[PDB]
2 protein chains.
Amino acid sequence: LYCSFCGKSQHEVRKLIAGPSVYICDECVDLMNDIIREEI
Amino acid sequence: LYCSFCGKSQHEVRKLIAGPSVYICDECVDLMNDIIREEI
Ligand SMILES: [Zn+2]
Ligand SMILES: [Zn+2]
């Protein structure tokens, strides 16, 4: 199991969410959050 | 353009992010955030 956004595996990250087919880890969610909130 | 997670269109949401092929809107990012932070 790997993150469909950054490729990291189930082990390399804290949590891995299940999507329609994809996989989003906690790191990419934090990132998408910054992207959307337009903040760093 | 639609959100690969909730199907809403480019117009129905505030922002639409571009992924490797998918599209994640602000609403689904907030959701994924709750899922990961395990909070409501
Ligand atoms: Zn990731
Ligand atoms: Zn969505």
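When reading the values below, keep in mind they use all heavy atoms of this one structure, side chains included, and skip hydrogens, waters and symmetry mates. Each chain gets a letter, A, B and so on, in the order the sequences are listed, and its residues count up from 1. Whatever order the structure lists ligands and atoms in, that order sets their numbers, starting from 1.
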Heavy atoms of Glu12(B) and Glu27(B) approach each other most closely as O-OE2, 4.2 Å
One should read off an interatomic distance between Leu31(B) CG and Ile36(B) CD1, to the nearest 0.5 angstrom, of 10.0 Å
What one should report as the nearest heavy-atom pair of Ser4(A) and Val22(A) is OG-CA, 3.2 Å
Rounding to 0.5 Å, atoms CG (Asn33(B)) and CE (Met32(A)) come to a distance of 9.5 Å
Taken to the nearest 0.5 Å, the spacing of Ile24(A) CD1 from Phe5(B) CZ works out to 4.0 Å
One should read off an interatomic distance between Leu1(A) CG and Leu16(A) CG, to the nearest 0.5 angstrom, of 6.0 Å
Within less than 2.8 Å of the Zn ion (ligand 1), the count of protein N, O or S atoms comes to 4
